[PDB]
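Engineer: There's a structure below that I have some questions on.
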Amino acid sequence: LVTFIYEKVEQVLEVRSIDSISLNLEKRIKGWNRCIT
Amino acid sequence: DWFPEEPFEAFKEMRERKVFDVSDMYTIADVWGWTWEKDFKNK
């Protein structure tokens, strides 16, 4: 009759080590690669 | 903790944390005394 929408970890180890530049660090690695050279 | 986004402040952190400082910034022309090389490289 009606639909509402309402608002309602070890996996981090599998990705904080395999790496895919997933954090704020990137915002900085990019800036350094853009400026420091 | 993060190093500053601004490169110069990041260098100031490099000094303060002693991760890199000017005393490590040395090369052969400054080390084996090749004082002549100043006259060759840039011309």
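Numbering starts fresh at 1 for the residues of each chain in the structure tokens, the chains themselves are lettered A, B, ... in the order given, and ligands are numbered from 1 as they appear.
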Report as a PDB file with C-alpha atoms, in the first residue's frame the set of chain B residues whose atoms approach chain A to within 9 Å, with distances computed over only C-alpha atoms.
Structural biologist:
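The result, stored in iface.pdb:
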ATOM      1  CA  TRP B   2      48.883  12.953   8.366  1.00  0.00           C
ATOM      2  CA  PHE B   3      51.694  14.933   6.827  1.00  0.00           C
ATOM      3  CA  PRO B   4      50.405  18.306   5.566  1.00  0.00           C
ATOM      4  CA  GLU B   5      48.929  18.520   2.085  1.00  0.00           C
ATOM      5  CA  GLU B   6      51.080  21.586   1.356  1.00  0.00           C
ATOM      6  CA  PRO B   7      54.532  20.345   0.232  1.00  0.00           C
TER       7      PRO B   7
END
Engineer: Among chain B, which ones does DSSP assign to alpha helix (DSSP H) (computed from the backbone)? Answer as a list in words.
Structural biologist: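 Taking chain B and keeping alpha helix (DSSP H) only, one gets residues 7, 8, 9, 10, 11, 12, 13, 14, 15, 16, 28, 29, 30, 31, 38, 39, 40 and 41 of chain B.
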